[PDB]
There are 2 protein chains.
Amino acid sequence: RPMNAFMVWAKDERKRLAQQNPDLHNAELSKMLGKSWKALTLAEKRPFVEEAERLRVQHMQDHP
Amino acid sequence: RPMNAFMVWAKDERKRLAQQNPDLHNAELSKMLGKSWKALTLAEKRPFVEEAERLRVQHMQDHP
Ligand SMILES: [Zn+2]
Ligand SMILES: [Zn+2]
Ligand SMILES: [Zn+2]
Ligand SMILES: [Zn+2]
Ligand SMILES: [Zn+2]
Ligand SMILES: [Zn+2]
């Protein structure tokens, strides 16, 4: 049940937005994140994509 | 074309939210405002309601 590329990338983007806008609702936070991720190119998402692949390998190996 | 009670009340509530959350989109800003206003009771909206009535009078008198 590891995080996918988006979750991996969002984890940091979320804190930066939430630890700055106490009034910014979570639902909207998720919506902004959803769209910013979409606007990104593969070249910009690549590292988050590789990290999700790394995490998936460890899970499938049962976390040695 | 004077502001109604909501606009009158929002004018201040908007600046306080926008001059604090550069990342908070306008569409969402309007949505939050729309709902907070709704949650308010007449007793809390009264002064903004009176101001809108004052403004309407001046307009109907053609702004003397
Ligand atoms: Zn909201
Ligand atoms: Zn790869
Ligand atoms: Zn696992
Ligand atoms: Zn938005
Ligand atoms: Zn009155
Ligand atoms: Zn007028």
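Indexing begins at 1, ligand by ligand and atom by atom, following the structure's order. The basis for the numbers below is simple: all heavy atoms, side chains too, and nothing from hydrogens, waters or symmetry mates. Residue numbers start from 1 in every chain, and the chains themselves are labelled A, B, ... in the order their sequence lines are given, proteins ahead of strands.
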Could you check whether any side-chain heavy atom of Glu50(B) comes within less than 4.5 Å of a side-chain heavy atom of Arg46(B), counting everything from C-beta outward? yes

Within-4.5 Å side-chain heavy-atom neighbours: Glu13(A) and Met32(A): no

Provide the atom name of the closest N, O or S atom of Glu53(B) relative to the Zn ion (ligand 5). OE1

Examine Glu28(A) and say whether one of its N/O/S atoms is closer to the Zn ion (ligand 4) than 2.8 Å. yes

Would you list the pairs meeting side-chain hydrogen bond (donor to acceptor under 3.5 Å, both in side chains) in which at least one residue belongs to residues 52-64 of chain B, sequence neighbours left out? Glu51(B)-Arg54(B)

For the Zn ion (ligand 1), the nearest N/O/S atom on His25(A) is atom ND1

Listed by chain and number, what are the side-chain hydrogen bond (donor to acceptor under 3.5 Å, both in side chains) partners of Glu44(A), not counting sequence neighbours? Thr41(A)

